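Notes for the one structure printed next.
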Amino acid sequence: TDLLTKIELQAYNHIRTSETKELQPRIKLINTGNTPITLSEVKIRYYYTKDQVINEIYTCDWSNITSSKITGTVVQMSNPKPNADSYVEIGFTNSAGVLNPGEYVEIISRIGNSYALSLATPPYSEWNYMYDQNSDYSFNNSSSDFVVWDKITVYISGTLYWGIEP
Ligand SMILES: [Ca+2]
Ligand SMILES: [Zn+2]
Ligand SMILES: [Zn+2]
Ligand SMILES: [Zn+2]
């Protein structure tokens with residue numbers, strides 16, 4: 001048909017140190033087509049290797065649509081690839097609404113051991129909260145602000161609409 005569904009995904013890592021106690025992917029999903037997209041149908045995946053980190057949780061610190069409309073889950077991959085044995089899957093609630101052409105959602109996230117994300121000393125050996133980021137498929141070690149980024153994937157109703165799987 002003659003109304004195109006199209007998106008662009010921009011992202012960067014807000015912490016780019018080789019080791020981190022929190023993954024900080026920041027993502028901007030933009031509707032660049034001319035069809036509205038129902039947000040609850042959209043899933044975004046940030047792929048990484050969990051290394052020896054435990055108690056992994058997701059939190060959304062902020063979104064331009066507010067964090068209560070955002071969902072995030074940490075998923076272990078049944079079929080791991082090099083640099084990808086886990087992904088953070090970010091989604092939207094049933095009542096998140098519609099992303100019209102020209103609109104965007106921005107999502108600021110933190111992922112890590114629940115005890116590290118509280119900014120208190122985790123009661124663990126370092127390896128149980130410190131990630132290695134260069135072993136993470138979706139990690140961008142350089143950009144200090146949003147860039148178009150092909151290594152985070154986006155699905156609408158289960159179909160891949162953006163990005164390259166690991
Ligand atoms: Ca890793
Ligand atoms: Zn900053
Ligand atoms: Zn260290
Ligand atoms: Zn592959």
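All residue numbers for the sequence shown refer to PDB author numbering, where the first residue is 1 and numbers rise by one. Virtual Cβ for every residue (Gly too), placed ideally from N, Cα, C.
Asked, Found
"In DSSP terms, what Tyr104 is bridged to", "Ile30"
"Where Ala11 falls, given that 16 or more other Cβ within 10 Å makes a residue buried", "buried"
"Cβ-based burial, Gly112 [other Cβ within 10 Å; buried from 16]", "buried"
"Between the CA atoms of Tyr124 and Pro166 - distance to the nearest angstrom", "31 Å"
"C-beta atoms of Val88 and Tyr48 nearer than 9 Å", "yes"
"Simplified DSSP state of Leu23, which is helix, strand or coil", "strand"
"9 Å Cβ cutoff met for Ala116 and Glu22", "yes"
"Three-way DSSP call (helix, strand, coil) for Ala116 in this model", "helix"
"Contacting residues, own chain, Cβ-Cβ under 7 Å from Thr38 (five flanking each side not counted)", "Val98"
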